[PDB]
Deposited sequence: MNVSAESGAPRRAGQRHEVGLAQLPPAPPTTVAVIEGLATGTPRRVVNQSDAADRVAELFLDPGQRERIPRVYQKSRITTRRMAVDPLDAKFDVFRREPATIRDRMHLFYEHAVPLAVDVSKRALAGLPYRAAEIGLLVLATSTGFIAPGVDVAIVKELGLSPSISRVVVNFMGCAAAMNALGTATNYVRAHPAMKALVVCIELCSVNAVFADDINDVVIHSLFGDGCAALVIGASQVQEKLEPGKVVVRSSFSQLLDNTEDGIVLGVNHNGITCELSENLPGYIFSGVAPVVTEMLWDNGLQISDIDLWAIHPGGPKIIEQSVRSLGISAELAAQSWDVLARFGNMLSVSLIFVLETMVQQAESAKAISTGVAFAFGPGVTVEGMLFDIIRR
């Protein structure tokens, strides 16, 4: 039996924020020379935001302390609509009736409330009240893989059932514009987004149709001594992320050994891979991932594009890249083989081997 991504959709809040403008706007808020620098190296052109953190209204609110609760409600306010629309689209193409969707996995690291977006999706879409649900929080930029794994196991355990995977990330809702350098960095890289996957099980013999993605092998790797690499926390005025200057190096030395072993277990080499869905969390995250594998820089083309158009949307980013690859073939071969990976908190390398069926 094989696990398949039979449906996929992505969405984003309508508001388009221009980095060139964001830079100017944020700078206005001494050593304001820095801001223009960090926004130039971001390699981001635009990112979507559910909320304009620099809006005259949110400005007063932003400067206030003890506002996480209000911010979590804001998260819910804007997340529900987006996740519903993106989930509806992920299913729009399949015939599956509500009774065939037995699991809903919701992943987020930017909002905490119960009942949450998962409950809203079940009611809004008309899914079974008896559908299984799991909410994956604080697994960061790599959550889509942890989520997909849960759906993969589910579907393999219940071959006649389908799973819905929804990743929602609304960073704009936690904007604070603090003084430190790390805060200035994430505020220049993070964006808003949503994506959903419809997973199913299929016989090996079944001839799948074009566009379908077979999840061949998933993998995880807690990297020794890198715990300070990616930190997530909850502050009185919002959720934060604290990236370590050592992260890109942790990435340079951690990606290659992991990927190489996993491929070898599948009789493949790095030079055999057609697609490299590298998590576009930032110029250096991509930069060092490519350097670790020693592959051509162009192989990360799809990853840079996503970063350029949406910035880092956390767990969502990886699925946008996958969509790009499902939409635009990189060769004329039937079936393209790719590898996807992103990085989680304890600094865990998370990924999968996958096949995109071209014809």
statement: Unmodelled spans of the deposited chain sequence come out as 1-30, 60-63
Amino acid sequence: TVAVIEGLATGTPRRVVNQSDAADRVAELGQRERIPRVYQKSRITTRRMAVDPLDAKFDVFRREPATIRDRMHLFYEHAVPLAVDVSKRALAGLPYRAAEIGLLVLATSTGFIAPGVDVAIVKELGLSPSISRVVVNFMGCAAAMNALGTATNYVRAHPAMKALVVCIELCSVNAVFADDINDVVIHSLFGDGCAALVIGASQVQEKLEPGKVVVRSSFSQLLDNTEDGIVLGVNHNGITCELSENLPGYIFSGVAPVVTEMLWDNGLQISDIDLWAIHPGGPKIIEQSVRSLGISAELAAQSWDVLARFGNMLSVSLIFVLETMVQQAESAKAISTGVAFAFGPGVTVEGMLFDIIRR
From here on, numbers count along this sequence of modelled residues.
- request: Give the stretch, out of 92-100 and 196-204, with the larger mean C-alpha temperature factor in the deposited entry.
  value: 92-100
query: Comparing 80-88 with 261-269, which stretch shows the greater average C-alpha B-factor in the deposited entry?
result: 261-269
- line: Max C-alpha B-factor within the set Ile181, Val117, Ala277, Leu232 falls on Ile181
task: Classify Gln302 as lowest, middle or highest third according to the C-alpha B-factor given in the PDB entry, relative to its own chain.
output: middle
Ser292 by Cα B-factor - lowest, middle or highest third of the modelled chain: middle
task: Please rank the C-alpha B-factors of the chain's modelled residues and tell me whether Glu323 sits in the lowest, middle or highest third.
output: middle
- line: Chain thirds by Cα B factor, record data; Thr10 belongs to the lowest
- prompt: Which third of the chain does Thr152 land in by C-alpha B-factor: lowest, middle or highest?
  reply: lowest
